[PDB]
Every structure is written in C-alpha cells, then in structure tokens.
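This report refers to the structure that appears directly beneath it.
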Amino acid sequence: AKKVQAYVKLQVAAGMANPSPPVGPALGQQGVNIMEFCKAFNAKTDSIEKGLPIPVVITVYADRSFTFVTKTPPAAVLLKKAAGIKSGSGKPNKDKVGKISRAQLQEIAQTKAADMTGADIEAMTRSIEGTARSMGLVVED
Amino acid sequence: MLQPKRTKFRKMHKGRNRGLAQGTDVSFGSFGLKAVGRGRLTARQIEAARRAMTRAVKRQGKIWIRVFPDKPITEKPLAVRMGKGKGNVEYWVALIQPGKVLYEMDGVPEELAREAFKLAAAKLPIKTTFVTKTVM
Amino acid sequence: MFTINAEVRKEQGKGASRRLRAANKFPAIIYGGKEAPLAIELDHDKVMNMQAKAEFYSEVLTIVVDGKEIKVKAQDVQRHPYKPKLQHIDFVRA
Amino acid sequence: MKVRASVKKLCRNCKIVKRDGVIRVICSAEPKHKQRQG
RNA sequence: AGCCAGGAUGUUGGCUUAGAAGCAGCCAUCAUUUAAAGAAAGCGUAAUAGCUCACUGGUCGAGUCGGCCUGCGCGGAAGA
C-alpha cells in the first residue's frame with residue numbers, strides 16, 4: 001500500500017462479528033469504521049471459510065469510511081488448526097509439543113503467493129516450517 | 001566462608017609477607033585472575049568475589065579458587081587494655097604476594113572471563129590483573 | 001622458521017642480569033648435545049611478540065649468534081611473576 | 001546531575017568532555033546520564 | 001568520521017495474548033527473493049503503527065581504529 005495513513009492490523013478469531021472485549025476502540029481510534037467489521041466484513045469473509053483472524057491493510061480515505069479487500073489467510077491459526085493441544089505453545093521447542101505434516105504446508109504455500117517473500121516452492125517451503133520452528137511444531141518428513 | 005576444618009594450633013604469629021608467589025601459571029583452568037599487589041585476603045572477600053564471578057558467568061563454566069585462608073587473625077575487643085594474653089580468632093586470611101593466581105575459570109569465552117574478573121576484582125583489596133593459560 | 005639474533009654474555013650473575021633486563025633484553029642459555037652450554041643475551045620485544053605464537057614452543061628455532069646458526073628448541077621459560085615479560089629461556093639444541 | 005568519582009558512559013549517546021579541568025559526561029538521549037568530577 | 005539512499009515476508013508466531021498485533025511474556029531465534037536486514041539493538045505506545053540503527057550502494061580522497069608496556073600530570077581531596 002502507500003505511506004502509513006491510518007492503517008493498522010488488529011482483530012481476533014472472526015467466526016463472530018465485531019469483537020467487543022479484545023480490541024474494541026483499537027479499531028475505532030483511527031478512521032477505521034466500527035460497523036465495517038460486522039456485516040460487510042463477514043460478507044467478504046464467507047467467500048472462502050470462517051474462523052480466522054485477518055491482519056489487514058485498512059486505508060482510510062476521504063470516502064465514507066474506507067474500502068477493504070481481504071487478501072491472505074494468516075499462518076498463526078492456520079498452523080494451530082491441526083497442531084496438537086488447543087492451549088498454546090508456552091515452551092514448545094525444548095520438548096515435542098506439536099507436529100505438522102508438510103504436504104498441506106506445500107499446498108498452502110503453493111496457494112499463498114501475495115504476502116510472502118520468495119519465488120520458488122522450496123524457497124518458501126521451510127519458511128512456514130520456520131513458523132513451525134516458532135511454535136515448536138515438529139515437521140513430519 | 002572458607003576456613004580449615006581442623007587446625008593444629010588456634011593462634012598463629014603475625015609474621016611477614018615478603019617475596020613473590022608460587023602459584024603463578026593458570027594451571028587448572030583457561031583464564032586467571034592473578035594478583036599484582038601484596039595484601040592479604042579474608043575469607044569474606046574470597047566469598048564475595050566468588051559470588052560475583054558465579055553470578056556473572058552464570059551457572060555455566062567452572063571456577064577454581066586457587067587460594068585458601070588458613071591463617072587465623074586475632075583481635076582484642078573494644079575497651080580492653082594491652083596485655084593479658086593474645087586476642088581472639090576473629091577471621092582467617094590468606095597471605096597474597098605478587099604473582100598469585102587468585103582464581104581460575106574455564107568453559108566460557110574470554111570476554112565473559114574479562115567481565116566476571118572485573119566484577120570480582122572490585123571486591124578484593126589488592127591490585128589484580130587478568131592472565132591466560134600460557135603453554136610453557 | 002624463527003630467527004632470533006643473539007649475543008654472547010660476557011657477564012653473568014644477578015647484578016649483570018638485572019642490568020641486562022633494564023636495558024630491554026634478557027638472558028638465556030643454549031645447552032644440550034655434547035658442546036658446552038652457551039650463555040646468550042636476547043632482545044626482549046622480538047622474543048615476546050614471537051612467543052605469543054604457539055609454534056615458538058613446538059617448532060625448531062634458529063638462533064644466530066656471532067654469525068653462526070644454532071638450531072635449538074625452546075625448553076623452558078622463566079617468566080616475570082606479575083608482568084607480561086620474560087626472565088630467562090632455556091633452549092635445548094636440536 | 002550526578003557528582004561521582006567514577007564517571008562513565010552509561011549509554012551509547014553519552015560523551016566524555018573535559019571542561020575546565022573537570023571530566024564530564026554529556027548525554028543527549030537521557031539527561032539523567034549527565035555526570036561530573038571523574 | 002560526515003552527507004545522500006534501502007533496511008522486509010510467514011511475523012496477529014502462540015502467549016496469562018484482559019490491550020503486546022517486533023514493544024510489562026516465555027520458548028524459540030528460522031528460511032527467501034536480496035549488495036542487506038534483528039520473528040527487532042535503542043526509544044515509544046489503550047494498540048498495531050511511528051523512526052533511528054545493526055548491514056549495503058553512491059559522494060568523499062589519506063590515514064584511521066582499539067588494545068598493551070611506560071614517564072610526567074588531572075579528578076577523587078571537607079575543620080574549626
């Protein structure tokens with residue numbers, strides 16, 4: 001996008017609409033609308049699948065509030081959707097907490113090409129397995 | 001605090017602290033904190049300096065205290081006249097001469113050995129220096 | 001591979017040696033083999049920077065004294081107690 | 001400021017200056033790092 | 001040493017995430033298009049964000065950087 005003009009990235013799991021406890025006026029401090037997380041954002045969320053937060057660029061113009069297009073599903077809850085226990089990582093790498101099969105990461109990495117850094121499949125394969133190094137997720141070779 | 005487990009006589013004469021030292025090379029470890037000044041070191045100063053080192057290079061490494069007190073220093077109480085016996089054993093010192101490797105350290109990089117030996121040489125009364133393990 | 005230029009000590013004892021170390025030198029001796037031992041004075045700084053290497057104590061040295069060459073090996077070094085300098089070096093012939 | 005007898009650079013912006021025969025530590029980042037008399 | 005440029009993605013990495021989305025948290029601490037880049041070295045947040053730097057290019061046209069051994073000095077150093 002452009003120079004930093006009132007766009008930030010914030011929400012929690014977007015299976016529901018308009019999270020009032022976690023953030024609230026964090027999406028109301030800048031020119032970002034309160035209403036455009038509730039109906040139209042879920043209208044643009046149902047196009048693929050629900051149950052994922054979206055770190056997104058919301059460029060607030062001199063229009064009504066802004067215009068928004070969601071682009072990429074992030075790898076946090078994509079690497080938590082089938083990893084192990086539902087609590088979290090804590091100290092995940094010094095023991096064996098999680099494990100991930102690498103074929104689904106090859107196909108999701110083969111899908112995601114917008115918000116990445118890489119031009120080869122193998123070049124960006126073990127980057128998401130670097131996110132498996134993050135949450136201690138042991139890859140199954 | 002260090003102190004011999006069992007002496008042979010409780011009170012020692014003063015005597016003097018002349019000449020150079022015997023423990024001079026870094027023997028056990030790889031880096032050494034070697035004395036330059038003469039002085040003498042109580043058991044509290046050895047303990048204070050060892051805690052500064054052990055804290056400083058955390059529970060990694062291995063530290064050798066190459067000096068040991070084994071010399072009892074007696075003091076007379078306050079408002080007691082002169083005479084009427086020798087005093088009482090208050091603490092224990094080691095006598096240091098120029099050349100004693102007071103401490104050794106191994107299993108760290110040199111820059112942490114510099115750091116712990118700076119941190120711990122400020123708990124001792126003698127001017128001190130850093131030495132390495134020289135090969136012959 | 002080290003070449004250490006030396007002279008012969010015409011004087012010895014503690015007076016002459018301590019006079020010789022204030023003049024930024026130090027005494028040394030070359031003994032071993034069948035020859036007589038050879039009292040040698042050495043420049044200090046050259047030998048100190050030279051012995052900072054490890055190969056000084058392992059490789060065969062060459063000492064040039066009176067325009068000769070004696071291939072020696074550094075047997076045993078007396079160092080100063082609390083200063084980075086040398087008192088004396090025993091060199092065994094090789 | 002801090003009159004100490006060991007003056008040191010506490011930060012990377014701290015800077016030792018001798019003014020009028022007095023060692024000083026002039027910082028730009030934090031004015032708590034201003035020191036005198038080393 | 002100045003001066004002109006670039007310095008990211010998974011990375012909301014999960015957090016006890018009540019707000020940490022590199023910033024009161026711990027484990028990790030990887031991999032890439034790239035000269036170069038830290039799941040952030042300093043600040044900083046209601047909170048992302050905001051900058052600078054660590055590194056690289058251009059301008060620059062001769063020394064510069066930090067240790068060691070030393071001589072002489074400075075501070076530390078207030079009394080009737």
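Chain identifiers are assigned as A, B, and so on, following the order in which chains appear in the structure tokens; residues are numbered from 1 within each chain, and ligands are numbered from 1 in order of appearance.
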Picked from chain C by DSSP as strand (DSSP E), as a PyMOL selection string: chain C and resi 3-8+25-31+38-43+61-65+70-79+86-93
Write out as a list in words the residues lying within 6 Å of range 51-63 of chain C, counting only C-alpha atoms (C1' of nucleotides) and excluding same-chain residues fewer than 4 positions away.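 Counting only the stated atoms, we get residues 2, 3, 4, 5, 47, 69, 70, 71, 72, 73 and 74 of chain C.
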Write out as a ChimeraX atom specification which residues come within 10 Å of residue 5 in chain D when counting only C-alpha atoms (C1' of nucleotides), dropping same-chain ones fewer than 2 positions away. /D:2-3,7-8,23,35-38 /E:75-76
Output C-alpha atoms (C1' of nucleotides) of each residue in that selection to a file, as a PDB file, in the first residue's frame.
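Saved to part.pdb:
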ATOM      1  CA  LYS D   2      25.497  13.178  39.387  1.00  0.00           C
ATOM      2  CA  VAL D   3      28.829  14.188  41.009  1.00  0.00           C
ATOM      3  CA  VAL D   7      32.224   8.901  35.647  1.00  0.00           C
ATOM      4  CA  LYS D   8      31.400   6.539  32.828  1.00  0.00           C
ATOM      5  CA  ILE D  23      35.829  15.309  33.369  1.00  0.00           C
ATOM      6  CA  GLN D  35      27.715  13.440  35.324  1.00  0.00           C
ATOM      7  CA  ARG D  36      30.683  15.338  36.736  1.00  0.00           C
ATOM      8  CA  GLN D  37      34.051  15.008  38.521  1.00  0.00           C
ATOM      9  CA  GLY D  38      35.684  11.781  37.390  1.00  0.00           C
TER      10      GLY D  38
ATOM     11  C1'   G E  75      39.902  14.255  39.453  1.00  0.00           C
ATOM     12  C1'   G E  76      38.858  11.501  43.935  1.00  0.00           C
TER      13        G E  76
END
Restrict the distance test to only C-alpha atoms, flag each residue of chain C within 9 Å of chain B, and return the flagged residues as a ChimeraX atom specification. /C:52,54,57,75-77,80-83
Using only N, CA and C atoms, please write the residues we just selected to a file, as a PDB file, in the first residue's frame.
ATOM      1  N   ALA C  52      54.362 -15.129  21.560  1.00  0.00           N
ATOM      2  CA  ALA C  52      52.913 -15.031  21.594  1.00  0.00           C
ATOM      3  C   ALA C  52      52.277 -16.094  20.684  1.00  0.00           C
ATOM      4  N   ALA C  54      52.115 -19.997  19.057  1.00  0.00           N
ATOM      5  CA  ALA C  54      52.232 -21.329  19.690  1.00  0.00           C
ATOM      6  C   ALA C  54      53.445 -22.109  19.170  1.00  0.00           C
ATOM      7  N   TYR C  57      57.001 -22.757  20.816  1.00  0.00           N
ATOM      8  CA  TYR C  57      57.330 -23.795  21.784  1.00  0.00           C
ATOM      9  C   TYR C  57      57.367 -25.199  21.198  1.00  0.00           C
ATOM     10  N   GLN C  75      63.205 -25.043  25.484  1.00  0.00           N
ATOM     11  CA  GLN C  75      62.975 -25.995  26.542  1.00  0.00           C
ATOM     12  C   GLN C  75      62.107 -25.437  27.643  1.00  0.00           C
ATOM     13  N   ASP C  76      62.539 -24.372  28.319  1.00  0.00           N
ATOM     14  CA  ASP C  76      61.797 -23.914  29.475  1.00  0.00           C
ATOM     15  C   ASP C  76      61.983 -22.443  29.758  1.00  0.00           C
ATOM     16  N   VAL C  77      60.871 -21.712  29.845  1.00  0.00           N
ATOM     17  CA  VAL C  77      60.897 -20.277  30.028  1.00  0.00           C
ATOM     18  C   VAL C  77      60.542 -19.837  31.455  1.00  0.00           C
ATOM     19  N   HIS C  80      58.340 -13.385  34.151  1.00  0.00           N
ATOM     20  CA  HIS C  80      58.201 -12.472  35.301  1.00  0.00           C
ATOM     21  C   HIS C  80      56.868 -12.844  35.966  1.00  0.00           C
ATOM     22  N   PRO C  81      56.780 -12.711  37.307  1.00  0.00           N
ATOM     23  CA  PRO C  81      55.575 -13.150  38.005  1.00  0.00           C
ATOM     24  C   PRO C  81      54.293 -12.394  37.665  1.00  0.00           C
ATOM     25  N   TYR C  82      54.328 -11.082  37.749  1.00  0.00           N
ATOM     26  CA  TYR C  82      53.121 -10.295  37.543  1.00  0.00           C
ATOM     27  C   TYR C  82      53.204  -9.315  36.406  1.00  0.00           C
ATOM     28  N   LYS C  83      54.203  -9.426  35.560  1.00  0.00           N
ATOM     29  CA  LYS C  83      54.248  -8.583  34.378  1.00  0.00           C
ATOM     30  C   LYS C  83      54.344  -9.458  33.136  1.00  0.00           C
TER      31      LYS C  83
END
Write out, as CSV, each residue of range 7-76 of chain E that has an atom at most 12 Å from range 48-69 of chain A, together with the closest pair of atoms and their distance in Å to one decimal, counting only C-alpha atoms (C1' of nucleotides), rows going by chain and rising number.
residue,atom,partner,partner_atom,distance
E:11,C1',A:55,CA,10.5
E:12,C1',A:55,CA,6.0
E:21,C1',A:55,CA,7.8
E:48,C1',A:55,CA,9.7
E:49,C1',A:57,CA,11.7
Write the selection just made, keeping N, CA and C atoms (P, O5', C5', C4', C3', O3' and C1' of nucleotides), as a PDB file, in the first residue's frame?
ATOM      1  P     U E  11       1.501 -15.174  10.449  1.00  0.00           P
ATOM      2  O5'   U E  11       2.545 -14.103  10.985  1.00  0.00           O
ATOM      3  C5'   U E  11       2.267 -12.702  10.848  1.00  0.00           C
ATOM      4  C4'   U E  11       3.234 -11.883  11.672  1.00  0.00           C
ATOM      5  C3'   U E  11       3.966 -10.776  10.925  1.00  0.00           C
ATOM      6  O3'   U E  11       4.036  -9.611  11.745  1.00  0.00           O
ATOM      7  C1'   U E  11       5.543 -12.253  11.882  1.00  0.00           C
ATOM      8  P     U E  12       2.818  -8.549  11.763  1.00  0.00           P
ATOM      9  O5'   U E  12       1.904  -9.065  12.962  1.00  0.00           O
ATOM     10  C5'   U E  12       0.586  -9.597  12.711  1.00  0.00           C
ATOM     11  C4'   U E  12      -0.066  -9.993  14.013  1.00  0.00           C
ATOM     12  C3'   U E  12       0.483 -11.223  14.724  1.00  0.00           C
ATOM     13  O3'   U E  12       1.746 -10.988  15.362  1.00  0.00           O
ATOM     14  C1'   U E  12      -1.876 -11.213  14.811  1.00  0.00           C
ATOM     15  P     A E  21       0.672  -9.954  19.953  1.00  0.00           P
ATOM     16  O5'   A E  21       1.763  -9.965  18.792  1.00  0.00           O
ATOM     17  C5'   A E  21       2.292  -8.735  18.260  1.00  0.00           C
ATOM     18  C4'   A E  21       1.520  -8.304  17.030  1.00  0.00           C
ATOM     19  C3'   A E  21       1.839  -6.913  16.490  1.00  0.00           C
ATOM     20  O3'   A E  21       2.920  -6.993  15.556  1.00  0.00           O
ATOM     21  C1'   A E  21      -0.536  -7.288  16.551  1.00  0.00           C
ATOM     22  P     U E  48       1.638  -3.127  20.147  1.00  0.00           P
ATOM     23  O5'   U E  48       2.008  -3.662  18.691  1.00  0.00           O
ATOM     24  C5'   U E  48       2.247  -2.746  17.601  1.00  0.00           C
ATOM     25  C4'   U E  48       1.280  -3.003  16.479  1.00  0.00           C
ATOM     26  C3'   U E  48       1.550  -2.270  15.171  1.00  0.00           C
ATOM     27  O3'   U E  48       2.446  -2.983  14.313  1.00  0.00           O
ATOM     28  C1'   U E  48      -0.751  -2.094  15.770  1.00  0.00           C
ATOM     29  P     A E  49       3.998  -2.538  14.092  1.00  0.00           P
ATOM     30  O5'   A E  49       3.906  -1.163  13.289  1.00  0.00           O
ATOM     31  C5'   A E  49       3.051  -0.987  12.142  1.00  0.00           C
ATOM     32  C4'   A E  49       2.414   0.383  12.192  1.00  0.00           C
ATOM     33  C3'   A E  49       3.392   1.553  12.147  1.00  0.00           C
ATOM     34  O3'   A E  49       3.809   1.881  10.822  1.00  0.00           O
ATOM     35  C1'   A E  49       1.919   1.869  13.958  1.00  0.00           C
TER      36        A E  49
END
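Shortest separation to residue 87 in chain C among C:48, C:30, C:8, C:65 occurs at residue C:48, atoms counted being only C-alpha atoms.
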DSSP alpha helix (DSSP H) residues within chain C, listed as a list in words: residues 14, 15, 16, 17, 18, 19, 20, 21, 22, 44, 45, 46, 47, 48, 49, 50 and 51 of chain C
Shell of 10 Å around residue 115 in chain B, only C-alpha atoms (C1' of nucleotides), local chain residues under 6 positions omitted, as a ChimeraX atom specification: /B:53,56-57,121
Skip residue 29 in chain C itself and residues of its chain fewer than 4 positions away, then list as a list in words all residues within 10 Å of it, counting only C-alpha atoms (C1' of nucleotides).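 Skipping anything fewer than 4 positions along the chain leaves residues 8, 9, 37, 38, 39, 40, 41, 42, 88, 89, 90, 91 and 92 of chain C.
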Selected residues written out with N, CA and C atoms, as a PDB file, in the first residue's frame:
ATOM      1  N   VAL C   8      76.607 -12.970  22.901  1.00  0.00           N
ATOM      2  CA  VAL C   8      77.206 -13.767  23.962  1.00  0.00           C
ATOM      3  C   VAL C   8      77.318 -12.908  25.227  1.00  0.00           C
ATOM      4  N   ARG C   9      76.907 -13.465  26.364  1.00  0.00           N
ATOM      5  CA  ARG C   9      77.006 -12.749  27.625  1.00  0.00           C
ATOM      6  C   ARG C   9      78.445 -12.842  28.176  1.00  0.00           C
ATOM      7  N   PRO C  37      77.587 -25.463  27.420  1.00  0.00           N
ATOM      8  CA  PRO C  37      76.448 -24.561  27.370  1.00  0.00           C
ATOM      9  C   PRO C  37      76.903 -23.165  26.925  1.00  0.00           C
ATOM     10  N   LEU C  38      75.990 -22.452  26.262  1.00  0.00           N
ATOM     11  CA  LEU C  38      76.292 -21.174  25.680  1.00  0.00           C
ATOM     12  C   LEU C  38      75.369 -20.108  26.293  1.00  0.00           C
ATOM     13  N   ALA C  39      75.944 -19.211  27.084  1.00  0.00           N
ATOM     14  CA  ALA C  39      75.210 -18.078  27.633  1.00  0.00           C
ATOM     15  C   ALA C  39      74.955 -17.040  26.528  1.00  0.00           C
ATOM     16  N   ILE C  40      73.729 -16.589  26.461  1.00  0.00           N
ATOM     17  CA  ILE C  40      73.194 -15.861  25.340  1.00  0.00           C
ATOM     18  C   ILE C  40      72.372 -14.711  25.914  1.00  0.00           C
ATOM     19  N   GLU C  41      72.502 -13.535  25.356  1.00  0.00           N
ATOM     20  CA  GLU C  41      71.538 -12.472  25.655  1.00  0.00           C
ATOM     21  C   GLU C  41      70.665 -12.229  24.427  1.00  0.00           C
ATOM     22  N   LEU C  42      69.398 -11.919  24.669  1.00  0.00           N
ATOM     23  CA  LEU C  42      68.353 -11.836  23.627  1.00  0.00           C
ATOM     24  C   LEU C  42      67.629 -10.548  23.788  1.00  0.00           C
ATOM     25  N   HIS C  88      64.003 -15.433  31.483  1.00  0.00           N
ATOM     26  CA  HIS C  88      65.051 -16.295  31.027  1.00  0.00           C
ATOM     27  C   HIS C  88      64.410 -17.398  30.181  1.00  0.00           C
ATOM     28  N   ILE C  89      65.183 -17.901  29.190  1.00  0.00           N
ATOM     29  CA  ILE C  89      64.754 -19.041  28.404  1.00  0.00           C
ATOM     30  C   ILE C  89      65.846 -20.077  28.285  1.00  0.00           C
ATOM     31  N   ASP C  90      65.543 -21.320  28.643  1.00  0.00           N
ATOM     32  CA  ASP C  90      66.397 -22.475  28.308  1.00  0.00           C
ATOM     33  C   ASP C  90      66.051 -22.996  26.909  1.00  0.00           C
ATOM     34  N   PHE C  91      67.067 -23.060  26.053  1.00  0.00           N
ATOM     35  CA  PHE C  91      66.975 -23.602  24.695  1.00  0.00           C
ATOM     36  C   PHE C  91      67.812 -24.882  24.608  1.00  0.00           C
ATOM     37  N   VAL C  92      67.172 -26.018  24.363  1.00  0.00           N
ATOM     38  CA  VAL C  92      67.900 -27.269  24.101  1.00  0.00           C
ATOM     39  C   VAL C  92      68.214 -27.366  22.622  1.00  0.00           C
TER      40      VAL C  92
END
Using only C-alpha atoms (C1' of nucleotides) and a distance of at most 10 Å, pull out the residues of chain E that contact chain A, as JSON, numbers by chain. {"E": [8, 9, 10, 11, 12, 13, 14, 15, 17, 18, 19, 21, 25, 26, 27, 28, 29, 30, 31, 32, 33, 39, 46, 47, 48, 49, 50]}
In Å, rounded to a single decimal, give me how far CA of residue 43 in chain B is from CA of residue 124 in chain B.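 Computing it gives 10.6 Å between the two atoms.
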Skip residue 11 in chain D itself and residues of its chain fewer than 4 positions away, then list as a ChimeraX atom specification all residues within 12 Å of it, counting only C-alpha atoms (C1' of nucleotides). /D:15-16,25-34 /E:42
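A straight line drawn from CA of residue 49 in chain B to CA of residue 122 in chain B is 7.8 Å long.
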Quick one: distance from CA of residue 1 in chain C to CA of residue 31 in chain C in Å, one decimal?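 Value for the CA of residue 1 in chain C-CA of residue 31 in chain C distance: 20.0 Å.
For the residues B:62, B:71, B:81, B:55, ranking by smallest atom-to-atom distance to residue 109 in chain B using only C-alpha atoms places B:62 first.
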Residue list for chain C near chain E as a list in words, 12 Å, only C-alpha atoms (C1' of nucleotides):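 Close to chain E, chain C has residues 24, 45, 48, 49, 83, 84 and 85 of chain C.
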Write a file of the selected residues as a CSV table (one decimal), in the first residue's frame, keeping N, CA and C atoms.
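Okay, part_13.csv is ready:
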chain,number,residue,atom,x,y,z
C,24,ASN,N,66.2,-3.6,28.3
C,24,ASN,CA,65.2,-4.2,27.5
C,24,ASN,C,65.7,-5.4,26.7
C,45,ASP,N,61.7,-7.6,23.1
C,45,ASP,CA,60.4,-7.4,22.4
C,45,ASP,C,60.2,-8.4,21.3
C,48,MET,N,59.3,-11.7,22.7
C,48,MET,CA,58.0,-11.7,23.4
C,48,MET,C,56.9,-11.8,22.3
C,49,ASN,N,56.9,-10.9,21.3
C,49,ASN,CA,56.0,-11.0,20.2
C,49,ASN,C,56.1,-12.3,19.5
C,83,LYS,N,54.2,-9.4,35.6
C,83,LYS,CA,54.2,-8.6,34.4
C,83,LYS,C,54.3,-9.5,33.1
C,84,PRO,N,53.8,-9.0,32.0
C,84,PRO,CA,54.0,-9.7,30.7
C,84,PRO,C,55.4,-9.6,30.1
C,85,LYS,N,56.4,-10.1,30.8
C,85,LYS,CA,57.7,-10.1,30.3
C,85,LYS,C,58.5,-11.4,30.7
Using only C-alpha atoms (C1' of nucleotides), find the one residue out of E:72, E:77, E:55, E:60 that sits nearest to residue 1 in chain E.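 Comparing E:72, E:77, E:55, E:60 against residue 1 in chain E, the winner is E:60.
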